[PDB]
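Participant: One structure coming up, written as structure tokens, with questions to follow.
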Amino acid sequence: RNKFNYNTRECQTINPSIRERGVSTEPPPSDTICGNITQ
Amino acid sequence: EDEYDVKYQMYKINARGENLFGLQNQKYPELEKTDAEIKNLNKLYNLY
């Protein structure tokens, strides 16, 4: 009107996506033997 | 038709510049009179 007409603008940022992923470890295995003593 | 059409587009860029500079938009009635008369004329002649 008195200040001349303004000018529209646009800006947007980069929005990464949210993912839900779940993984597992495991208890390592073990061995259990029995032996006798030789002569 | 072509004549008042190019007149109309000239008037359009006129209004563009006038609104850019914020002046009072100049208004013209003879183009409207032309448009109405040739509108009825062209509708009847196209139907014919």
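Each chain in the structure tokens gets a letter, A, B, ..., in the order shown, and its residues are numbered from 1; ligands are numbered from 1 in order too.
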Write out as an NGL selection string every residue belonging to chain A that has an atom at most 10 Å from any atom of chain B, counting only C-alpha atoms.

Facilitator: :A and (1-5)

Participant: With distances taken over only C-alpha atoms, which of B:24, B:34, B:40, B:46 is nearest to residue B:5?

Facilitator: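 With only C-alpha atoms as the atom set, the closest residue is B:34.
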
Participant: Could you tell me how far atom CA of residue B:4 lies from atom CA of residue B:44, in Å and to one decimal?

Facilitator: 18.8 Å

Participant: In Å, with one decimal, what is the gap from atom CA of residue B:10 to atom CA of residue B:37?

Facilitator: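 Taking atom CA of residue B:10 and atom CA of residue B:37, their separation equals 20.5 Å.
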
Participant: Would you give me, as a PDB file with N, CA and C atoms, in the first residue's frame, the residues in stretch 9-48 of chain B that DSSP reads as alpha helix (DSSP H)?

Facilitator:
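Heads up, here's the output in states-v5.pdb:
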```pdb
ATOM      1  N   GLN B   9      -4.236  -7.937 -24.274  1.00  0.00           N
ATOM      2  CA  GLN B   9      -2.983  -8.394 -23.669  1.00  0.00           C
ATOM      3  C   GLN B   9      -2.041  -7.223 -23.389  1.00  0.00           C
ATOM      4  N   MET B  10      -2.014  -6.231 -24.285  1.00  0.00           N
ATOM      5  CA  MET B  10      -1.295  -4.995 -23.994  1.00  0.00           C
ATOM      6  C   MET B  10      -1.823  -4.352 -22.717  1.00  0.00           C
ATOM      7  N   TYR B  11      -3.148  -4.253 -22.594  1.00  0.00           N
ATOM      8  CA  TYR B  11      -3.762  -3.731 -21.378  1.00  0.00           C
ATOM      9  C   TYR B  11      -3.363  -4.555 -20.158  1.00  0.00           C
ATOM     10  N   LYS B  12      -3.208  -5.866 -20.335  1.00  0.00           N
ATOM     11  CA  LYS B  12      -2.815  -6.729 -19.226  1.00  0.00           C
ATOM     12  C   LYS B  12      -1.411  -6.404 -18.731  1.00  0.00           C
ATOM     13  N   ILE B  13      -0.444  -6.289 -19.642  1.00  0.00           N
ATOM     14  CA  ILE B  13       0.912  -5.967 -19.190  1.00  0.00           C
ATOM     15  C   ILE B  13       0.976  -4.529 -18.679  1.00  0.00           C
ATOM     16  N   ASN B  14       0.111  -3.651 -19.205  1.00  0.00           N
ATOM     17  CA  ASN B  14      -0.043  -2.321 -18.620  1.00  0.00           C
ATOM     18  C   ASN B  14      -0.440  -2.410 -17.155  1.00  0.00           C
ATOM     19  N   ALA B  15      -1.486  -3.185 -16.860  1.00  0.00           N
ATOM     20  CA  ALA B  15      -1.931  -3.345 -15.480  1.00  0.00           C
ATOM     21  C   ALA B  15      -0.838  -3.967 -14.624  1.00  0.00           C
ATOM     22  N   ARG B  16      -0.073  -4.897 -15.197  1.00  0.00           N
ATOM     23  CA  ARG B  16       1.053  -5.484 -14.476  1.00  0.00           C
ATOM     24  C   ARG B  16       2.043  -4.412 -14.037  1.00  0.00           C
ATOM     25  N   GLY B  17       2.486  -3.575 -14.977  1.00  0.00           N
ATOM     26  CA  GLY B  17       3.435  -2.526 -14.627  1.00  0.00           C
ATOM     27  C   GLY B  17       2.862  -1.510 -13.656  1.00  0.00           C
ATOM     28  N   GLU B  18       1.587  -1.158 -13.834  1.00  0.00           N
ATOM     29  CA  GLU B  18       0.959  -0.170 -12.962  1.00  0.00           C
ATOM     30  C   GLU B  18       0.840  -0.694 -11.537  1.00  0.00           C
ATOM     31  N   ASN B  19       0.487  -1.973 -11.383  1.00  0.00           N
ATOM     32  CA  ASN B  19       0.419  -2.560 -10.051  1.00  0.00           C
ATOM     33  C   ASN B  19       1.807  -2.786  -9.471  1.00  0.00           C
ATOM     34  N   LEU B  20       2.811  -2.976 -10.329  1.00  0.00           N
ATOM     35  CA  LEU B  20       4.188  -3.038  -9.852  1.00  0.00           C
ATOM     36  C   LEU B  20       4.602  -1.713  -9.227  1.00  0.00           C
ATOM     37  N   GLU B  30     -14.069   1.380 -23.634  1.00  0.00           N
ATOM     38  CA  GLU B  30     -14.331   1.102 -25.042  1.00  0.00           C
ATOM     39  C   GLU B  30     -14.016  -0.347 -25.387  1.00  0.00           C
ATOM     40  N   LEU B  31     -13.000  -0.922 -24.741  1.00  0.00           N
ATOM     41  CA  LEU B  31     -12.718  -2.340 -24.929  1.00  0.00           C
ATOM     42  C   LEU B  31     -13.891  -3.196 -24.470  1.00  0.00           C
ATOM     43  N   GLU B  32     -14.523  -2.821 -23.355  1.00  0.00           N
ATOM     44  CA  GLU B  32     -15.675  -3.575 -22.869  1.00  0.00           C
ATOM     45  C   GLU B  32     -16.859  -3.448 -23.820  1.00  0.00           C
ATOM     46  N   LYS B  33     -17.100  -2.239 -24.332  1.00  0.00           N
ATOM     47  CA  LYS B  33     -18.163  -2.058 -25.319  1.00  0.00           C
ATOM     48  C   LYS B  33     -17.919  -2.927 -26.549  1.00  0.00           C
ATOM     49  N   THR B  34     -16.695  -2.879 -27.082  1.00  0.00           N
ATOM     50  CA  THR B  34     -16.290  -3.773 -28.162  1.00  0.00           C
ATOM     51  C   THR B  34     -16.593  -5.222 -27.821  1.00  0.00           C
ATOM     52  N   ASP B  35     -16.158  -5.663 -26.639  1.00  0.00           N
ATOM     53  CA  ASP B  35     -16.278  -7.068 -26.280  1.00  0.00           C
ATOM     54  C   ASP B  35     -17.733  -7.501 -26.236  1.00  0.00           C
ATOM     55  N   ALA B  36     -18.608  -6.673 -25.663  1.00  0.00           N
ATOM     56  CA  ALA B  36     -20.020  -7.043 -25.575  1.00  0.00           C
ATOM     57  C   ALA B  36     -20.670  -7.101 -26.957  1.00  0.00           C
ATOM     58  N   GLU B  37     -20.469  -6.051 -27.763  1.00  0.00           N
ATOM     59  CA  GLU B  37     -21.081  -6.021 -29.088  1.00  0.00           C
ATOM     60  C   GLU B  37     -20.609  -7.200 -29.932  1.00  0.00           C
ATOM     61  N   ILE B  38     -19.292  -7.410 -29.993  1.00  0.00           N
ATOM     62  CA  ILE B  38     -18.756  -8.511 -30.780  1.00  0.00           C
ATOM     63  C   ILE B  38     -19.107  -9.852 -30.148  1.00  0.00           C
ATOM     64  N   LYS B  39     -19.386  -9.890 -28.845  1.00  0.00           N
ATOM     65  CA  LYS B  39     -19.814 -11.137 -28.224  1.00  0.00           C
ATOM     66  C   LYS B  39     -21.163 -11.574 -28.768  1.00  0.00           C
ATOM     67  N   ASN B  40     -22.154 -10.680 -28.722  1.00  0.00           N
ATOM     68  CA  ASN B  40     -23.460 -11.049 -29.269  1.00  0.00           C
ATOM     69  C   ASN B  40     -23.368 -11.309 -30.772  1.00  0.00           C
ATOM     70  N   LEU B  41     -22.607 -10.474 -31.486  1.00  0.00           N
ATOM     71  CA  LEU B  41     -22.456 -10.648 -32.926  1.00  0.00           C
ATOM     72  C   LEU B  41     -21.841 -11.999 -33.259  1.00  0.00           C
ATOM     73  N   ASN B  42     -20.766 -12.361 -32.560  1.00  0.00           N
ATOM     74  CA  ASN B  42     -20.055 -13.594 -32.844  1.00  0.00           C
ATOM     75  C   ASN B  42     -20.861 -14.807 -32.418  1.00  0.00           C
ATOM     76  N   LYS B  43     -21.632 -14.714 -31.332  1.00  0.00           N
ATOM     77  CA  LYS B  43     -22.466 -15.854 -30.966  1.00  0.00           C
ATOM     78  C   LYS B  43     -23.539 -16.100 -32.021  1.00  0.00           C
ATOM     79  N   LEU B  44     -24.208 -15.039 -32.488  1.00  0.00           N
ATOM     80  CA  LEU B  44     -25.224 -15.237 -33.518  1.00  0.00           C
ATOM     81  C   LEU B  44     -24.598 -15.730 -34.815  1.00  0.00           C
ATOM     82  N   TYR B  45     -23.453 -15.158 -35.194  1.00  0.00           N
ATOM     83  CA  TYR B  45     -22.837 -15.523 -36.461  1.00  0.00           C
ATOM     84  C   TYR B  45     -22.266 -16.931 -36.407  1.00  0.00           C
ATOM     85  N   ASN B  46     -21.791 -17.360 -35.237  1.00  0.00           N
ATOM     86  CA  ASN B  46     -21.314 -18.726 -35.082  1.00  0.00           C
ATOM     87  C   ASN B  46     -22.469 -19.716 -35.122  1.00  0.00           C
ATOM     88  N   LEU B  47     -23.609 -19.364 -34.523  1.00  0.00           N
ATOM     89  CA  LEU B  47     -24.774 -20.240 -34.623  1.00  0.00           C
ATOM     90  C   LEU B  47     -25.264 -20.341 -36.063  1.00  0.00           C
TER      91      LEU B  47
END
```
